[PDB]
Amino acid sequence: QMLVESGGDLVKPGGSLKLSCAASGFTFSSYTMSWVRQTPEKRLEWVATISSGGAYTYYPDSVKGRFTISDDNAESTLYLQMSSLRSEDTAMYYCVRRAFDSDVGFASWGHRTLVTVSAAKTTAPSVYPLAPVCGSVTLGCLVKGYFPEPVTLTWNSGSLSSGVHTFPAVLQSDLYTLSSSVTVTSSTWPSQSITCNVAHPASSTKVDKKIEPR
């Protein structure tokens, strides 16, 4: 157990994309593997399964003929070749260790890799510092207009986890908008620097907005 999948990216409908999964800590070669995804609607869907040796492969009809699960037992890596991508393939792809001797279900899942299948172009987010009516003090961060998902919004490089509420991104006509509130004490701000930070991988964006009083 410790499955790190990678390869998630925004692809155009009808395109191709390959996913990888680094398996470390266990004897990968002896384990049957699987790929399970979760649509934006939070729907869990089994995508594929491959035997330890790779001779036996299983796929649901909605995926068969377009997706191909294979593996490299030499370097301990699971793969998922996706082709003829459809909008319905938009989901978070989890690498799952299937079994050895018995059907114990899905015992170990990876942390996932997001695959977005859309015709919309990549748009970088606009981070805005939300001072209260700057004058316990609550602060906020506005990440408006970005595509696709996700974004990593953090406060003070992660050192500020207390009183943080990072809200789910809402889609405003092809562009998402996420918010986050950090509630600290009056002695912590504006006395100390609380930096409203954000990062968008798809655009290679890394913005650090400092919360300045009004």
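One rule holds for the numbers: they count along the sequence shown, beginning at 1.
Task: residue 136 preceded by how many uncoordinated deposited residues after residue 135 - done: Per the record, 4 to 9 deposited residues are absent between residue 135 and residue 136.
Task: Average Cα temperature factor in the PDB entry - higher stretch of 18 to 26, 198 to 206 - done: Between 18 to 26 and 198 to 206, it is 198 to 206 that shows the higher mean C-alpha B-factor.
TODO: Could you check which stretch, 53 to 61 or 168 to 176, carries the larger mean CA temperature factor in the entry?
DONE: Between 168 to 176 and 53 to 61, it is 168 to 176 that shows the higher mean C-alpha B-factor.
- [ ] Could you check 39, 187, 34, 181 and tell me which one carries the biggest Cα B-factor in the deposited entry?
- [x] Each of 39, 187, 34, 181 was compared by C-alpha B-factor; the highest is 187.
- [ ] Between 121, 98, 86, 111, let me know which has the highest C-alpha B-factor in the entry?
- [x] Across 121, 98, 86, 111, the entry lists the biggest C-alpha B-factor for 121.
TODO: Quick one: classify residue 130 as lowest, middle or highest third of the chain based on its Cα B-factor.
DONE: Highest third of the chain for residue 130's C-alpha B-factor.
Task: Assigned third (lowest, middle, highest) for the C-alpha B factor of residue 155 - done: Its C-alpha B-factor, which the entry lists for residue 155, ranks in the highest third among residues of this chain.
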